[PDB]
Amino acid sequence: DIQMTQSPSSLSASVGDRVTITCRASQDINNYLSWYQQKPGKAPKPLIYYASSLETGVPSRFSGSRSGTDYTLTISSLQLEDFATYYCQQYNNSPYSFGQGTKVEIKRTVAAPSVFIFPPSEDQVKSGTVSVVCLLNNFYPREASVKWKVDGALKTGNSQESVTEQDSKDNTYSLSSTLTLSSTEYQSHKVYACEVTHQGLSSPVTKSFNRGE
């Protein structure tokens, strides 16, 4: 019955910032509220129990408080290790229910991507389907534009992009753009290029190869 509404859904903050996450229960939960920290690919980790009690070993910069039916998790000074998705959870009554989560990502200085293009191997050409991979490495912010050019002409139909999570060290992102073509289509053109525009680049950078060379 009790529904937890967590706010906000996502956040971007710098190291040293003060961040507060709020969670609202649709009914009275009598301080029975837990906060969890979930790293990408990992199980959630309890941080706070009974609304304000810290789990053993949790840094003191984490704290929880209550004002009526509103519950807040506060990080006094955000640190690099604190990137994660945070969840509230009531256990006043069954069924136990969670908030939707709050993503937390760390702000850093602009960083230009290093760009690489990968020609398809002959083994791949032999398969009847070819993938051309363009790599954007260690950049920030996340927003980037990758253009595929074939014999100088822009191609916009056959590509998909994939982005990593923020790196735990340098807080950068990486991105792959993969252009998929049939082997016949691939063998009917010479120059394959990806053109990337990013806020860290003074001018657009394009990487290319010549098929069969």
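Quick note: we count residues from 1 along the sequence shown, nothing fancier.
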Give the stretch, out of 148-156 and 38-46, with the larger mean C-alpha temperature factor in the deposited entry. 148-156
177-185 versus 161-169 - greater average Cα B-factor per the deposited record: 161-169
Hey, out of 71, 91, 87, 83, whose CA B-factor is highest in the deposited coordinates? 71
Residue 7 by Cα B-factor - lowest, middle or highest third of the modelled chain: highest
Third assignment of residue 134 from its chain's C-alpha B-factors: lowest
Is the Cα B-factor recorded for residue 75 in the lowest, middle or highest third of its chain? middle
